[PDB]
Amino acid sequence: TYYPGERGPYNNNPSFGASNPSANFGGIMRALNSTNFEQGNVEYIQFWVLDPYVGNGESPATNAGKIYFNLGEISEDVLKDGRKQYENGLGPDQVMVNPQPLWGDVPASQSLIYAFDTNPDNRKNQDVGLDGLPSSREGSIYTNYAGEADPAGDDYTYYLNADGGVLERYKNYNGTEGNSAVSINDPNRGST
Amino acid sequence: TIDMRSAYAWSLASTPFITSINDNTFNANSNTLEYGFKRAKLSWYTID
Amino acid sequence: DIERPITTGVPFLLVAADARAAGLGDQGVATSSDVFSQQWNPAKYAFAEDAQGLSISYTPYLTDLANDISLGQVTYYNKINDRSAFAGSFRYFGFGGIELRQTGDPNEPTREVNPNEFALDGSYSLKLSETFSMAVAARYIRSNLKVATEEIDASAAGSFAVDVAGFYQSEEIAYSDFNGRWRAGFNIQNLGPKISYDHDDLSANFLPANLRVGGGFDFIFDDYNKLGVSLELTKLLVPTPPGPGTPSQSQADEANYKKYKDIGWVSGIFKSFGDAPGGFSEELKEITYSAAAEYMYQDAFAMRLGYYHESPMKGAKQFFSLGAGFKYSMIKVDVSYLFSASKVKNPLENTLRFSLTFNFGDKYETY
Amino acid sequence: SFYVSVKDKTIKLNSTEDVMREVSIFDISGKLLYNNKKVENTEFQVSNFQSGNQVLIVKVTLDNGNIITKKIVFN
């Protein structure tokens with residue numbers, strides 16, 4: 001579900017509502033298990049999609065656009081700064097990159113295992129999203145939205161913890177901040 | 001076939017180049033916060 | 001080959017769950033009363049010779065491929081008077097334990113799943129006359145075959161069904177060369193609401209409502225040699241799905257499927273008789289039949305032969321069955337084997353069924 | 001000793017020094033979905049659409065000729 005007129009995560013565009021929604025992008029990426037396409041003889045990308053212009057909840061016919069696919073070597077640096085973010089390395093007692101690297105905090109230590117510990121206090125300090133900031137310090141970086149509750153726009157909401165229809169309930173389900181609550185009985189249940 | 005529609009396998013993408021490495025359509029070549037200026041909100045999920 | 005098979009939920013309910021009936025071509029509606037007489041005809045529990053009995057049955061699947069994939073059955077009956085009996089049975093199909101392992105060290109705590117399907121039923125049989133008996137059975141069916149993943153919910157699907165059965169067993173009748181005995185029975189099975197595997201009313205499957213009718217004769221010579229010949233007819237009480245088309249091109253197919261799937265189970269039972277382009281001669285094509293012969297020696301050794309024929313247009317299950325039975329003191333052992341005669345690979349080929357029954361309590365005289 | 005793992009619909013055979021010679025993967029219908037006579041203690045990619053089937057049977061023939069059977073869940 002794509003909202004071209006709404007701000008994506010970590011977007012600090014001062015005039016986002018004044019820009020053409022058609023000029024925006026919304027994108028996801030994944031790694032592939034078997035990387036040698038020639039040896040595997042991968043021939044084509046196949047997909048079945050429901051036509052979004054036909055049935056009950058159809059979009060207006062004037063809402064045309066494009067879906068792009070990329071295959072190959074794609075930058076894993078989601079927040080382009082040359083540094084690998086990993087939030088299990090964040091925390092008040094952790095060493096940070098000495099000048100802050102333009103998207104928020106980055107741990108200065110070499111990562112070892114991509115895993116949290118099970119203490120809720122460390123989890124609260126660590127599960128703060130890809131910007132490395134716990135939404136109270138996001139305004140210093142994401143200045144054009146410092147007045148909002150979530151300046152970086154990366155807050156997670158469980159789909160059973162939200163309101164509205166099904167689409168509105170998944171709107172923030174991909175947020176990277178707060179999506180790893182320690183307890184499965186949390187009202188804002190994790191998703192990872 | 002190799003299935004690609006596990007929603008948990010997908011994560012937020014880096015900003016893409018559209019036509020060549022010299023195309024700044026979405027500010028992919030930007031070294032500032034402008035790199036993220038054209039990212040609109042996208043949700044990806046399988047309905048529970 | 002198989003054209004337009006009947007699609008029902010929980011089809012494991014129709015599998016023969018005991019070696020004695022399996023050896024007789026998957027029929028028991030009009031055989032002699034036995035401990036397994038709940039899947040076939042609960043009404044003959046009132047004709048049991050022993051006061052109570054317990055049985056264990058094992059029907060393995062894919063024996064060459066894996067162990068622990070089987071259909072198991074436990075039956076208990078208890079006839080209290082000379083006219084009435086209570087019976088409870090438990091059929092269980094399972095894949096065995098499967099460990100969900102994703103390497104991640106060889107000491108990880110692994111979840112174990114046990115995909116399974118079971119039906120628990122209890123019946124009460126009452127002898128109305130001295131030769132006729134009736135029974136009612138209530139059954140709880142639970143299907144739990146799917147494994148939980150992300151975006152796959154493995155919640156069990158359940159349903160309830162009732163069975164109405166009747167059994168006729170005449171007294172011994174002397175003939176010129178032998179003193180025979182006649183038997184007859186009917187069983188209307190699995191009458192209940194549709195089972196919703198995905199927990200949605202729009203997507204529900206008919207229970208395998210089934211009608212079994214059969215008759216049997218017992219050739220009795222020398223007062224300790226018996227030759228029991230039995231015949232059984234079976235018809236599914238579920239509407240047949242639409243075939244080529246019976247009102248664009250796929251629009252007709254979708255509309256026909258829509259009108260077929262919007263049929264109640266009660267109305268579907270009556271719509272089973274018909275609902276096909278053919279006439280009565282082609283309506284007989286939905287009938288399965290089985291013929292069986294059982295030779296009894298001293299009532300402690302049995303040899304069983306049976307032929308089962310499903311019309312190859314539906315199901316295409318055709319086979320010959322061999323069975324043997326041994327009674328030591330109070331313990332009966334039954335084994336059965338299947339020789340397939342159809343193109344389609346029978347899952348119970350090359351498989352020996354095993355049944356074990358214990359009879360205890362008082363003994364009731366037969367009329 | 002011998003353990004089979006499935007991560008992303010990828011099947012991985014792990015044997016403690018037991019060298020395997022052939023792998024066969026069967027559907028619960030007894031259908032052969034995948035046969036490989038060139039096993040390399042490695043990850044097989046079976047076609048991901050199996051018409052709602054989840055349980056597979058993995059049959060592994062060792063060089064000595066013994067057969068190891070494991071039931072897995074294709075997830």
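Derivation of every value follows stated rules applied to the coordinates shown; laboratory data play no part. Cβ placement follows ideal geometry from the backbone for every residue including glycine, while neighbour counts extend to all protein chains displayed.
The Rg/Rh ratio of segment A:45-183, with both radii computed over alpha carbons and Rh defined as the Kirkwood radius, is 1.04. In summary, segment C:222-367 shows an alpha-carbon radius of gyration equal to 1.48 times the 2.2 N^0.38 Å reference for compact globular proteins. In this structure, C:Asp177 and C:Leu54 have a Cβ-Cβ separation that, at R0 = 35 Å, corresponds to a calculated FRET efficiency of about 0.35.
Computed from the C-alpha gyration tensor, the three semi-axes of the ellipsoid equivalent to segment C:138-199 are 47, 12, 6 Å, from longest to shortest. Whole-Hz Karplus values for segment C:152-163 come out as 10, 9, 9, 4, 6, 9, x, 7, 10, 8, 10, 10 Hz, taken residue by residue from phi with 6.51 cos²θ - 1.76 cosθ + 1.60 and θ = phi - 60°; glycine and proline positions read x.
Partner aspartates and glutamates whose Cα lies under 16 Å from the Cα of C:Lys258, excluding those fewer than 8 positions away in the same chain, are identified as C:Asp200, C:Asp201, C:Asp275. So for segment C:268-321, Kirkwood radius off the Cα pairs, Stokes-Einstein at 25 °C and 0.890 mPa s: how many µm² s⁻¹? D, rounded to a whole number, is 181 µm²/s.
For segment A:29-179, what is the charge dipole size about the Cα centre, in debye to the nearest 20, if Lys and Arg each add +1 at the Cβ and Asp and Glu each add -1 at the Cβ? Let's see the in-between values first.
Working: 10 positive and 23 negative charges, 22 e Å.
Approximately 100 debye in magnitude.
Counting only helical runs of four or more DSSP H residues, what would the 222 nm mean residue ellipticity of the protein assembly as shown come to if each run contributes -39,500 (n - 2.57) and the total is spread over all its residues? Could you put the intermediate results ahead of the total?
Numbers: 8 runs with 47 residues, N = 682.
Helices in the protein assembly as shown give a 222 nm mean residue ellipticity of -1500 deg cm²/dmol.
If r is the Cβ-Cβ distance from A:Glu76 to C:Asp262 and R0 is 45 Å, what FRET efficiency results, to the nearest 0.05? Rounded to the nearest 0.05, the efficiency is 0.30. With one equal scatterer per alpha carbon and no solvent term, the Debye-computed log10 I(q)/I(0) for segment C:1-122 at 0.12, 0.14, 0.18, 0.21 1/Å reads -0.58, -0.72, -0.99, -1.18. In terms of its alpha-carbon gyration tensor, segment A:1-88 comes out oblate; a/c meets the 1.5 threshold, while b/c is at least as large as a/b.
Within the set A:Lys171/C:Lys146; C:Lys314/D:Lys7; C:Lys79/C:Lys327; B:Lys38/D:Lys7, which residue pairs have Cα atoms separated by over 32 Å? Before the final figure, lay out each step's value.
Details: A:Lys171/C:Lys146 29 Å; C:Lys314/D:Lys7 39 Å; C:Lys79/C:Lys327 21 Å; B:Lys38/D:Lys7 35 Å.
From the list (A:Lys171/C:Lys146; C:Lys314/D:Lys7; C:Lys79/C:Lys327; B:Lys38/D:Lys7), the Cα-Cα distance tops 32 Å for C:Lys314/D:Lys7; B:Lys38/D:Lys7.
Based on other C-beta atoms within 10 Å, arrange D:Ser5, A:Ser180, A:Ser34 from fewest to most. Please list the in-between numbers first.
On the way: D:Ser5 21, A:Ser180 16, A:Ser34 12.
Taking fewest neighbouring Cβ atoms as first place, the list is A:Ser34, A:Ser180, D:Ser5.
Over 21 Å between Cα atoms, which of C:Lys226/C:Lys332; C:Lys343/D:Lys59; D:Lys12/D:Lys37 qualify? Correct reply: C:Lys343/D:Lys59. How many percent of the alpha carbon pairs in chain B exceed a separation of 15 Å? Result: 57 percent of Cα pairs exceed 15 Å.
Once fully extended, how much extra length lies between C:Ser250 and C:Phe320, figured as 0.36 nm per residue of separation less the alpha-carbon to alpha-carbon distance?
Values: separation 70, 0.36 × 70 = 25.20 nm, distance 4.08 nm.
Extra length from C:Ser250 to C:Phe320 when fully extended: 21.1 nm.
Between Rg and the Kirkwood Rh of the protein assembly as shown, both from Cα atoms, what is the Rg to Rh ratio? Mind dumping the intermediate values first?
Numbers: Rg = 32.9 Å, Rh = 30.3 Å.
Here the Rg-to-Rh quotient is 1.09.
Taking label points 7 Å from Cα along the Cα-to-Cβ direction, C:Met330 and C:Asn350 give a separation of 4.0 nm. The Cα-based radius of gyration and maximum Cα-Cα distance (Dmax) for segment C:222-289 are 18.5, 71 Å.
With an 8 Å cut-off on Cα pairs and a minimum separation of 6 or more residues, tell me the relative contact order of segment C:254-358 in percent.
Here the relative contact order equals 16 percent.
Distance between the C-alpha centres of segment C:249-326 and segment B:5-48: 58 Å, rounded to the whole angstrom. Less than 18 Å from a label point 7 Å out along the Cα-to-Cβ axis of B:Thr32: which backbone N atoms in segment A:81-108 qualify, by residue? From segment A:81-108, the list is A:81-82, A:100-104. For segment A:74-123, the relative contact order works out to 33 percent when only alpha carbon pairs closer than 8 Å and six or more residues apart are counted. As a size descriptor, the averaged projected area of the C-alpha convex hull of segment C:158-287 was calculated at 11.5 nm². Put a plus charge on the Cβ of each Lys and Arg, a minus charge on the Cβ of each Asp and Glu, and nothing anywhere else: the dipole of the protein assembly as shown about its Cα centre is then about 980 debye.
State the three equivalent ellipsoid semi-axes of segment C:122-173, derived from the C-alpha gyration tensor as the square roots of 5 times its eigenvalues, in descending order and whole Å. Walk me through the numbers before you get to the answer.
Numbers: eigenvalues 355, 19, 6 Å².
Equivalent ellipsoid of segment C:122-173: 42, 10, 6 Å, largest first.
Based on the reciprocal of the average 1/r between different C-alpha atoms, the Kirkwood radius for chain D equals 12.4 Å.
With Cα atoms as the point set, the radius of gyration and Dmax of chain C evaluate to 21.8, 78 Å. Distance between the 7 Å Cα→Cβ label points at A:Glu168 and A:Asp93: 4.3 nm.
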